[PDB]
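Source file: input_6.cif; contents: mmCIF, N, CA and C atoms.
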data_final
loop_
_atom_site.group_PDB
_atom_site.id
_atom_site.type_symbol
_atom_site.label_atom_id
_atom_site.label_comp_id
_atom_site.auth_asym_id
_atom_site.auth_seq_id
_atom_site.Cartn_x
_atom_site.Cartn_y
_atom_site.Cartn_z
ATOM 1 N N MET A 1 -11.150 -14.519 7.385
ATOM 2 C CA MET A 1 -10.740 -13.858 6.114
ATOM 3 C C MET A 1 -9.593 -12.889 6.382
ATOM 4 N N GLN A 2 -9.046 -12.328 5.344
ATOM 5 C CA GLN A 2 -7.942 -11.353 5.507
ATOM 6 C C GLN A 2 -7.922 -10.437 4.287
ATOM 7 N N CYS A 3 -8.103 -9.167 4.499
ATOM 8 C CA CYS A 3 -8.119 -8.214 3.358
ATOM 9 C C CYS A 3 -7.643 -6.844 3.834
ATOM 10 N N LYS A 4 -6.475 -6.465 3.407
ATOM 11 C CA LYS A 4 -5.897 -5.162 3.814
ATOM 12 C C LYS A 4 -6.785 -4.017 3.310
ATOM 13 N N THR A 5 -6.992 -3.021 4.130
ATOM 14 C CA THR A 5 -7.829 -1.863 3.712
ATOM 15 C C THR A 5 -7.178 -0.574 4.219
ATOM 16 N N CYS A 6 -6.113 -0.152 3.592
ATOM 17 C CA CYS A 6 -5.425 1.092 4.043
ATOM 18 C C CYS A 6 -6.024 2.303 3.328
ATOM 19 N N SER A 7 -5.436 3.453 3.514
ATOM 20 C CA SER A 7 -5.957 4.676 2.842
ATOM 21 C C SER A 7 -5.004 5.063 1.714
ATOM 22 N N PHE A 8 -3.767 4.659 1.814
ATOM 23 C CA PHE A 8 -2.783 4.992 0.748
ATOM 24 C C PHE A 8 -3.071 4.134 -0.485
ATOM 25 N N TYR A 9 -2.252 4.239 -1.493
ATOM 26 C CA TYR A 9 -2.475 3.425 -2.722
ATOM 27 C C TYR A 9 -1.345 2.408 -2.857
ATOM 28 N N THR A 10 -0.959 1.790 -1.775
ATOM 29 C CA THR A 10 0.146 0.799 -1.854
ATOM 30 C C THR A 10 0.423 0.217 -0.463
ATOM 31 N N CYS A 11 -0.480 -0.573 0.048
ATOM 32 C CA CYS A 11 -0.258 -1.187 1.388
ATOM 33 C C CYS A 11 -0.156 -2.703 1.217
ATOM 34 N N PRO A 12 1.048 -3.165 1.002
ATOM 35 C CA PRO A 12 1.323 -4.594 0.795
ATOM 36 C C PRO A 12 1.314 -5.333 2.131
ATOM 37 N N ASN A 13 1.251 -4.610 3.212
ATOM 38 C CA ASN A 13 1.235 -5.277 4.545
ATOM 39 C C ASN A 13 0.025 -6.208 4.624
ATOM 40 N N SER A 14 -0.145 -6.890 5.724
ATOM 41 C CA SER A 14 -1.307 -7.816 5.852
ATOM 42 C C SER A 14 -2.281 -7.274 6.898
ATOM 43 N N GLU A 15 -3.545 -7.571 6.758
ATOM 44 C CA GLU A 15 -4.538 -7.068 7.749
ATOM 45 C C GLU A 15 -5.779 -7.966 7.744
ATOM 46 N N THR A 16 -5.828 -8.917 8.634
ATOM 47 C CA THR A 16 -7.001 -9.834 8.696
ATOM 48 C C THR A 16 -8.280 -9.018 8.907
ATOM 49 N N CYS A 17 -9.397 -9.515 8.443
ATOM 50 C CA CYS A 17 -10.676 -8.765 8.602
ATOM 51 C C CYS A 17 -11.571 -9.468 9.635
ATOM 52 N N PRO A 18 -12.075 -8.704 10.578
ATOM 53 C CA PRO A 18 -12.942 -9.227 11.651
ATOM 54 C C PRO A 18 -14.398 -9.337 11.176
ATOM 55 N N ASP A 19 -15.320 -9.421 12.100
ATOM 56 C CA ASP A 19 -16.763 -9.518 11.727
ATOM 57 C C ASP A 19 -17.036 -10.842 11.011
ATOM 58 N N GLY A 20 -18.285 -11.140 10.762
ATOM 59 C CA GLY A 20 -18.628 -12.411 10.064
ATOM 60 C C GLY A 20 -18.582 -12.188 8.553
ATOM 61 N N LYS A 21 -17.952 -11.132 8.121
ATOM 62 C CA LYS A 21 -17.859 -10.869 6.664
ATOM 63 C C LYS A 21 -16.778 -11.777 6.094
ATOM 64 N N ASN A 22 -16.180 -11.438 4.990
ATOM 65 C CA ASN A 22 -15.145 -12.365 4.452
ATOM 66 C C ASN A 22 -14.523 -11.860 3.153
ATOM 67 N N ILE A 23 -14.193 -10.609 3.019
ATOM 68 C CA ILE A 23 -13.592 -10.221 1.720
ATOM 69 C C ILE A 23 -12.807 -8.915 1.792
ATOM 70 N N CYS A 24 -12.194 -8.596 0.687
ATOM 71 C CA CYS A 24 -11.411 -7.347 0.554
ATOM 72 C C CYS A 24 -12.249 -6.391 -0.281
ATOM 73 N N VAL A 25 -12.091 -5.110 -0.128
ATOM 74 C CA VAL A 25 -12.934 -4.198 -0.945
ATOM 75 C C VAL A 25 -12.250 -2.847 -1.147
ATOM 76 N N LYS A 26 -12.623 -2.156 -2.188
ATOM 77 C CA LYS A 26 -12.024 -0.826 -2.464
ATOM 78 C C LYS A 26 -12.987 -0.037 -3.360
ATOM 79 N N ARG A 27 -12.962 1.263 -3.286
ATOM 80 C CA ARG A 27 -13.864 2.097 -4.135
ATOM 81 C C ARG A 27 -13.049 3.318 -4.528
ATOM 82 N N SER A 28 -13.047 3.708 -5.773
ATOM 83 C CA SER A 28 -12.200 4.861 -6.140
ATOM 84 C C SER A 28 -12.984 5.910 -6.888
ATOM 85 N N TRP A 29 -12.768 7.132 -6.526
ATOM 86 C CA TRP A 29 -13.461 8.230 -7.218
ATOM 87 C C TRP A 29 -12.619 9.472 -7.165
ATOM 88 N N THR A 30 -12.612 10.196 -8.213
ATOM 89 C CA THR A 30 -11.819 11.441 -8.222
ATOM 90 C C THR A 30 -12.612 12.513 -7.485
ATOM 91 N N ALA A 31 -11.946 13.426 -6.857
ATOM 92 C CA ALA A 31 -12.678 14.479 -6.112
ATOM 93 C C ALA A 31 -11.676 15.412 -5.426
ATOM 94 N N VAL A 32 -11.596 16.639 -5.862
ATOM 95 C CA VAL A 32 -10.633 17.588 -5.235
ATOM 96 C C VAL A 32 -11.285 18.255 -4.021
ATOM 97 N N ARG A 33 -10.910 17.848 -2.841
ATOM 98 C CA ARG A 33 -11.504 18.458 -1.619
ATOM 99 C C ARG A 33 -10.488 19.407 -0.980
ATOM 100 N N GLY A 34 -9.419 18.876 -0.451
ATOM 101 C CA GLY A 34 -8.389 19.744 0.186
ATOM 102 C C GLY A 34 -7.051 19.553 -0.531
ATOM 103 N N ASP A 35 -6.264 18.611 -0.092
ATOM 104 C CA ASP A 35 -4.948 18.372 -0.749
ATOM 105 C C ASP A 35 -4.714 16.866 -0.875
ATOM 106 N N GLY A 36 -5.743 16.082 -0.699
ATOM 107 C CA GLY A 36 -5.585 14.606 -0.806
ATOM 108 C C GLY A 36 -5.165 14.236 -2.231
ATOM 109 N N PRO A 37 -5.224 12.961 -2.524
ATOM 110 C CA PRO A 37 -4.859 12.431 -3.849
ATOM 111 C C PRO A 37 -5.988 12.674 -4.854
ATOM 112 N N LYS A 38 -5.982 11.964 -5.950
ATOM 113 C CA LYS A 38 -7.052 12.152 -6.970
ATOM 114 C C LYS A 38 -8.131 11.086 -6.775
ATOM 115 N N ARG A 39 -7.895 9.898 -7.258
ATOM 116 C CA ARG A 39 -8.902 8.817 -7.107
ATOM 117 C C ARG A 39 -8.817 8.232 -5.697
ATOM 118 N N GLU A 40 -9.797 8.507 -4.888
ATOM 119 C CA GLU A 40 -9.798 7.974 -3.493
ATOM 120 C C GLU A 40 -10.222 6.503 -3.516
ATOM 121 N N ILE A 41 -9.273 5.597 -3.503
ATOM 122 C CA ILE A 41 -9.608 4.136 -3.544
ATOM 123 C C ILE A 41 -9.891 3.599 -2.130
ATOM 124 N N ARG A 42 -10.741 4.246 -1.378
ATOM 125 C CA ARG A 42 -11.036 3.766 0.014
ATOM 126 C C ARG A 42 -11.117 2.234 0.035
ATOM 127 N N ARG A 43 -10.987 1.617 1.181
ATOM 128 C CA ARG A 43 -11.052 0.126 1.218
ATOM 129 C C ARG A 43 -11.820 -0.344 2.457
ATOM 130 N N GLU A 44 -11.953 -1.635 2.622
ATOM 131 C CA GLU A 44 -12.691 -2.173 3.802
ATOM 132 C C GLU A 44 -12.953 -3.670 3.600
ATOM 133 N N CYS A 45 -13.434 -4.342 4.609
ATOM 134 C CA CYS A 45 -13.708 -5.802 4.468
ATOM 135 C C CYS A 45 -15.219 -6.044 4.477
ATOM 136 N N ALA A 46 -15.697 -6.942 3.657
ATOM 137 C CA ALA A 46 -17.164 -7.213 3.627
ATOM 138 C C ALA A 46 -17.433 -8.562 2.963
ATOM 139 N N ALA A 47 -18.661 -8.807 2.585
ATOM 140 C CA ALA A 47 -18.992 -10.087 1.900
ATOM 141 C C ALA A 47 -18.496 -9.980 0.460
ATOM 142 N N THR A 48 -18.988 -9.010 -0.265
ATOM 143 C CA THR A 48 -18.520 -8.801 -1.666
ATOM 144 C C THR A 48 -17.740 -7.506 -1.693
ATOM 145 N N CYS A 49 -18.335 -6.486 -1.162
ATOM 146 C CA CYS A 49 -17.700 -5.150 -1.157
ATOM 147 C C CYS A 49 -18.645 -4.187 -0.420
ATOM 148 N N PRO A 50 -18.293 -2.924 -0.335
ATOM 149 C CA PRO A 50 -19.157 -1.933 0.335
ATOM 150 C C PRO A 50 -20.486 -1.815 -0.413
ATOM 151 N N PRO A 51 -21.358 -0.970 0.077
ATOM 152 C CA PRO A 51 -22.690 -0.771 -0.529
ATOM 153 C C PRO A 51 -22.618 0.030 -1.831
ATOM 154 N N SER A 52 -21.468 0.108 -2.430
ATOM 155 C CA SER A 52 -21.338 0.858 -3.705
ATOM 156 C C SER A 52 -22.271 0.249 -4.750
ATOM 157 N N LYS A 53 -22.727 1.046 -5.672
ATOM 158 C CA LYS A 53 -23.619 0.515 -6.742
ATOM 159 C C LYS A 53 -22.782 0.358 -8.008
ATOM 160 N N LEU A 54 -21.492 0.313 -7.833
ATOM 161 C CA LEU A 54 -20.557 0.186 -8.975
ATOM 162 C C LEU A 54 -20.331 1.564 -9.593
ATOM 163 N N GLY A 55 -21.130 2.540 -9.240
ATOM 164 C CA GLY A 55 -20.882 3.899 -9.787
ATOM 165 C C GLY A 55 -19.461 4.236 -9.365
ATOM 166 N N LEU A 56 -19.065 3.682 -8.251
ATOM 167 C CA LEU A 56 -17.686 3.858 -7.750
ATOM 168 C C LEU A 56 -16.910 2.628 -8.208
ATOM 169 N N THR A 57 -15.634 2.725 -8.409
ATOM 170 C CA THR A 57 -14.899 1.516 -8.866
ATOM 171 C C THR A 57 -14.727 0.552 -7.697
ATOM 172 N N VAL A 58 -15.574 -0.445 -7.583
ATOM 173 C CA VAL A 58 -15.405 -1.401 -6.459
ATOM 174 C C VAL A 58 -14.328 -2.409 -6.828
ATOM 175 N N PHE A 59 -13.569 -2.831 -5.872
ATOM 176 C CA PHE A 59 -12.539 -3.855 -6.142
ATOM 177 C C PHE A 59 -12.493 -4.776 -4.932
ATOM 178 N N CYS A 60 -13.014 -5.955 -5.067
ATOM 179 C CA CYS A 60 -13.033 -6.889 -3.915
ATOM 180 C C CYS A 60 -12.037 -8.021 -4.166
ATOM 181 N N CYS A 61 -11.880 -8.910 -3.226
ATOM 182 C CA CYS A 61 -10.913 -10.030 -3.422
ATOM 183 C C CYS A 61 -11.281 -11.199 -2.504
ATOM 184 N N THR A 62 -11.389 -12.381 -3.049
ATOM 185 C CA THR A 62 -11.746 -13.561 -2.212
ATOM 186 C C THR A 62 -10.470 -14.286 -1.775
ATOM 187 N N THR A 63 -9.655 -13.642 -0.986
ATOM 188 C CA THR A 63 -8.396 -14.291 -0.521
ATOM 189 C C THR A 63 -7.762 -13.429 0.571
ATOM 190 N N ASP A 64 -6.681 -13.878 1.147
ATOM 191 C CA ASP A 64 -6.029 -13.075 2.217
ATOM 192 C C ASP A 64 -5.706 -11.681 1.675
ATOM 193 N N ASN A 65 -5.170 -10.812 2.509
ATOM 194 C CA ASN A 65 -4.828 -9.412 2.070
ATOM 195 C C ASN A 65 -4.648 -9.341 0.547
ATOM 196 N N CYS A 66 -5.591 -8.749 -0.143
ATOM 197 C CA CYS A 66 -5.482 -8.649 -1.628
ATOM 198 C C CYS A 66 -5.457 -7.176 -2.049
ATOM 199 N N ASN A 67 -6.595 -6.538 -2.076
ATOM 200 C CA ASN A 67 -6.641 -5.105 -2.487
ATOM 201 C C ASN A 67 -5.768 -4.267 -1.550
ATOM 202 N N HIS A 68 -4.571 -3.951 -1.961
ATOM 203 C CA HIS A 68 -3.677 -3.136 -1.097
ATOM 204 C C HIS A 68 -4.102 -1.668 -1.171
#

Represent the supplied structure as structure tokens.
Amino acid sequence: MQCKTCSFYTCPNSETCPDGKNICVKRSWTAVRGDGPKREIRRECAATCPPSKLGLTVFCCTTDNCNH
């Protein structure tokens, strides 16, 4: 599989995903901690997505680098 999972909000580069998983994933939530951005759209590779319960905005993708 291949699913880019950067920390910024615009990583068009490519990033294959290891492990026996197979997908792209992202979760976004607003939260003012220090000086970061607003909606933290963290990302990662998995079967469908992280263990989010959808309370967080999950965004997965069944294809090569998708969720930038």

On this structure, the PyMOL selection byres (((chain A and resi 60 and name CA) around 10) and name CA) would catch which residues? List them as a ChimeraX atom specification, sorted by chain and number.
/A:3,23-27,43-50,57-59,61-63,66-67

Please write the residues from the selection above to a file, keeping N, CA and C atoms, as a CSV table (one decimal), in the coordinates of the input.
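Result file is selection_20.csv:
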chain,number,residue,atom,x,y,z
A,3,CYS,N,-8.1,-9.2,4.5
A,3,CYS,CA,-8.1,-8.2,3.4
A,3,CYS,C,-7.6,-6.8,3.8
A,23,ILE,N,-14.2,-10.6,3.0
A,23,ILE,CA,-13.6,-10.2,1.7
A,23,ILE,C,-12.8,-8.9,1.8
A,24,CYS,N,-12.2,-8.6,0.7
A,24,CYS,CA,-11.4,-7.3,0.6
A,24,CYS,C,-12.2,-6.4,-0.3
A,25,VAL,N,-12.1,-5.1,-0.1
A,25,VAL,CA,-12.9,-4.2,-0.9
A,25,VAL,C,-12.2,-2.8,-1.1
A,26,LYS,N,-12.6,-2.2,-2.2
A,26,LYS,CA,-12.0,-0.8,-2.5
A,26,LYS,C,-13.0,0.0,-3.4
A,27,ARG,N,-13.0,1.3,-3.3
A,27,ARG,CA,-13.9,2.1,-4.1
A,27,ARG,C,-13.0,3.3,-4.5
A,43,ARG,N,-11.0,1.6,1.2
A,43,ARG,CA,-11.1,0.1,1.2
A,43,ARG,C,-11.8,-0.3,2.5
A,44,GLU,N,-12.0,-1.6,2.6
A,44,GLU,CA,-12.7,-2.2,3.8
A,44,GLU,C,-13.0,-3.7,3.6
A,45,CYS,N,-13.4,-4.3,4.6
A,45,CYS,CA,-13.7,-5.8,4.5
A,45,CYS,C,-15.2,-6.0,4.5
A,46,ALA,N,-15.7,-6.9,3.7
A,46,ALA,CA,-17.2,-7.2,3.6
A,46,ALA,C,-17.4,-8.6,3.0
A,47,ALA,N,-18.7,-8.8,2.6
A,47,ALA,CA,-19.0,-10.1,1.9
A,47,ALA,C,-18.5,-10.0,0.5
A,48,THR,N,-19.0,-9.0,-0.3
A,48,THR,CA,-18.5,-8.8,-1.7
A,48,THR,C,-17.7,-7.5,-1.7
A,49,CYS,N,-18.3,-6.5,-1.2
A,49,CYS,CA,-17.7,-5.2,-1.2
A,49,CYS,C,-18.6,-4.2,-0.4
A,50,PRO,N,-18.3,-2.9,-0.3
A,50,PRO,CA,-19.2,-1.9,0.3
A,50,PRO,C,-20.5,-1.8,-0.4
A,57,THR,N,-15.6,2.7,-8.4
A,57,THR,CA,-14.9,1.5,-8.9
A,57,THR,C,-14.7,0.6,-7.7
A,58,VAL,N,-15.6,-0.4,-7.6
A,58,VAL,CA,-15.4,-1.4,-6.5
A,58,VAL,C,-14.3,-2.4,-6.8
A,59,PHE,N,-13.6,-2.8,-5.9
A,59,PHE,CA,-12.5,-3.9,-6.1
A,59,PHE,C,-12.5,-4.8,-4.9
A,61,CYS,N,-11.9,-8.9,-3.2
A,61,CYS,CA,-10.9,-10.0,-3.4
A,61,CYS,C,-11.3,-11.2,-2.5
A,62,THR,N,-11.4,-12.4,-3.0
A,62,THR,CA,-11.7,-13.6,-2.2
A,62,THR,C,-10.5,-14.3,-1.8
A,63,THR,N,-9.7,-13.6,-1.0
A,63,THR,CA,-8.4,-14.3,-0.5
A,63,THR,C,-7.8,-13.4,0.6
A,66,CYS,N,-5.6,-8.7,-0.1
A,66,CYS,CA,-5.5,-8.6,-1.6
A,66,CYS,C,-5.5,-7.2,-2.0
A,67,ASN,N,-6.6,-6.5,-2.1
A,67,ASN,CA,-6.6,-5.1,-2.5
A,67,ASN,C,-5.8,-4.3,-1.6

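Going from atom N of residue 68 (chain A) to atom C of residue 36 (chain A) covers 18.2 Å.
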
Quick one: apply the PyMOL selection byres (((chain A and resi 12 and name CA) around 12) and name CA) to the file and drop the selected residues here as a PDB file with N, CA and C atoms, in the coordinates of the input.
ATOM      1  N   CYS A   3      -8.103  -9.167   4.499  1.00  0.00           N
ATOM      2  CA  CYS A   3      -8.119  -8.214   3.358  1.00  0.00           C
ATOM      3  C   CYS A   3      -7.643  -6.844   3.834  1.00  0.00           C
ATOM      4  N   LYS A   4      -6.475  -6.465   3.407  1.00  0.00           N
ATOM      5  CA  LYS A   4      -5.897  -5.162   3.814  1.00  0.00           C
ATOM      6  C   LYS A   4      -6.785  -4.017   3.310  1.00  0.00           C
ATOM      7  N   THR A   5      -6.992  -3.021   4.130  1.00  0.00           N
ATOM      8  CA  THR A   5      -7.829  -1.863   3.712  1.00  0.00           C
ATOM      9  C   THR A   5      -7.178  -0.574   4.219  1.00  0.00           C
ATOM     10  N   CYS A   6      -6.113  -0.152   3.592  1.00  0.00           N
ATOM     11  CA  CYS A   6      -5.425   1.092   4.043  1.00  0.00           C
ATOM     12  C   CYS A   6      -6.024   2.303   3.328  1.00  0.00           C
ATOM     13  N   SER A   7      -5.436   3.453   3.514  1.00  0.00           N
ATOM     14  CA  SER A   7      -5.957   4.676   2.842  1.00  0.00           C
ATOM     15  C   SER A   7      -5.004   5.063   1.714  1.00  0.00           C
ATOM     16  N   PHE A   8      -3.767   4.659   1.814  1.00  0.00           N
ATOM     17  CA  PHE A   8      -2.783   4.992   0.748  1.00  0.00           C
ATOM     18  C   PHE A   8      -3.071   4.134  -0.485  1.00  0.00           C
ATOM     19  N   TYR A   9      -2.252   4.239  -1.493  1.00  0.00           N
ATOM     20  CA  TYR A   9      -2.475   3.425  -2.722  1.00  0.00           C
ATOM     21  C   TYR A   9      -1.345   2.408  -2.857  1.00  0.00           C
ATOM     22  N   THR A  10      -0.959   1.790  -1.775  1.00  0.00           N
ATOM     23  CA  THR A  10       0.146   0.799  -1.854  1.00  0.00           C
ATOM     24  C   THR A  10       0.423   0.217  -0.463  1.00  0.00           C
ATOM     25  N   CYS A  11      -0.480  -0.573   0.048  1.00  0.00           N
ATOM     26  CA  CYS A  11      -0.258  -1.187   1.388  1.00  0.00           C
ATOM     27  C   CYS A  11      -0.156  -2.703   1.217  1.00  0.00           C
ATOM     28  N   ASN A  13       1.251  -4.610   3.212  1.00  0.00           N
ATOM     29  CA  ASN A  13       1.235  -5.277   4.545  1.00  0.00           C
ATOM     30  C   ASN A  13       0.025  -6.208   4.624  1.00  0.00           C
ATOM     31  N   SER A  14      -0.145  -6.890   5.724  1.00  0.00           N
ATOM     32  CA  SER A  14      -1.307  -7.816   5.852  1.00  0.00           C
ATOM     33  C   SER A  14      -2.281  -7.274   6.898  1.00  0.00           C
ATOM     34  N   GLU A  15      -3.545  -7.571   6.758  1.00  0.00           N
ATOM     35  CA  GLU A  15      -4.538  -7.068   7.749  1.00  0.00           C
ATOM     36  C   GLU A  15      -5.779  -7.966   7.744  1.00  0.00           C
ATOM     37  N   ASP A  64      -6.681 -13.878   1.147  1.00  0.00           N
ATOM     38  CA  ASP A  64      -6.029 -13.075   2.217  1.00  0.00           C
ATOM     39  C   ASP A  64      -5.706 -11.681   1.675  1.00  0.00           C
ATOM     40  N   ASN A  65      -5.170 -10.812   2.509  1.00  0.00           N
ATOM     41  CA  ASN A  65      -4.828  -9.412   2.070  1.00  0.00           C
ATOM     42  C   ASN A  65      -4.648  -9.341   0.547  1.00  0.00           C
ATOM     43  N   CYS A  66      -5.591  -8.749  -0.143  1.00  0.00           N
ATOM     44  CA  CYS A  66      -5.482  -8.649  -1.628  1.00  0.00           C
ATOM     45  C   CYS A  66      -5.457  -7.176  -2.049  1.00  0.00           C
ATOM     46  N   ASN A  67      -6.595  -6.538  -2.076  1.00  0.00           N
ATOM     47  CA  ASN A  67      -6.641  -5.105  -2.487  1.00  0.00           C
ATOM     48  C   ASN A  67      -5.768  -4.267  -1.550  1.00  0.00           C
ATOM     49  N   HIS A  68      -4.571  -3.951  -1.961  1.00  0.00           N
ATOM     50  CA  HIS A  68      -3.677  -3.136  -1.097  1.00  0.00           C
ATOM     51  C   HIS A  68      -4.102  -1.668  -1.171  1.00  0.00           C
TER      52      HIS A  68
END

Can you work out the spacing between CA of residue 16 (chain A) and atom N of residue 55 (chain A) in Å, to one decimal?
26.0 Å

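The space separating CA of residue 39 (chain A) from atom C of residue 53 (chain A) comes to 16.3 Å.
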
Centre and edges of the region 33-52 of chain A box, axis-aligned, 8 Å extra per side, as AutoDock Vina command-line options:
--center_x -13.7 --center_y 4.8 --center_z -1.3 --size_x 34.0 --size_y 45.8 --size_z 27.9
